[PDB]
């Protein structure tokens, strides 16, 4: 039995940790219980082995490390220190993108997006776009529809930031391959997003 108590955690980090724990626990076929008391998030997991619990701790560390470095950047420190913190974000986003969890891949996307928005057209912005594309490739492999909807949205940010780049070409392939998988779903909302995705690749 395992329990995680999140105190003074930002909502972005909390929800990504909620989805990461719920994902890793379904892998071992275990139920998860969440409750929010006085701004404290209690995550209780039952019958979880050490291997999956250590995987929860690694993903939770990286998400909090990204949030800790984003807090320094948003404090407008020295530009030299801010650059050092953006490299910390990209380092944790790289490992978050090397994990099978959907929430970890979604965390690597949102982490690398803030680096692109912080310094557009920089060497780190290009490395951040590599992280966004690395996460979109693993996110398109996953079967869930929500993962496919984030794989297209993430790849669309690569073609928006660097149109005509080498990364944008692969991002368009990811959008096409993910939209074809979305066409398999009978739900009209999945078919709608697949058509707008196909129309975006047709427009470019």
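Numbering follows the first chain given and starts at 1.
Compare the mean C-alpha B-factor of 132-140 with that of 145-153 as given in the PDB entry, and name the stretch with the higher value.
-> So the stretch with the higher mean C-alpha B-factor is 145-153.
Of 122-130 and 88-96, the one with larger mean CA B-factor = Going by the record's values, the stretch with the higher mean is 122-130.
Give the position of residue 71 by CA B-factor within its chain, expressed as the lowest, middle or highest third.
-> Ranked within chain, residue 71 CA B lands in the lowest tercile.
Residue 58 - which third its CA temperature factor falls in, relative to the rest of the chain = CA B-factor rank for residue 58: lowest third.
In terms of the chain's CA B-factor thirds, is residue 195 lowest, middle or highest?
-> Its C-alpha B-factor belongs to the highest third of this chain's values.
For residue 189, return the chain-relative third of its C-alpha B-factor as stated in the PDB record: lowest, middle or highest.
-> Within its chain, residue 189 is a highest-third residue by C-alpha B-factor, going by the deposited values.
Comparing residue 169 with the other modelled residues of its chain, is its CA B-factor in the lowest, middle or highest third?
-> Ranked within chain, residue 169 CA B lands in the highest tercile.
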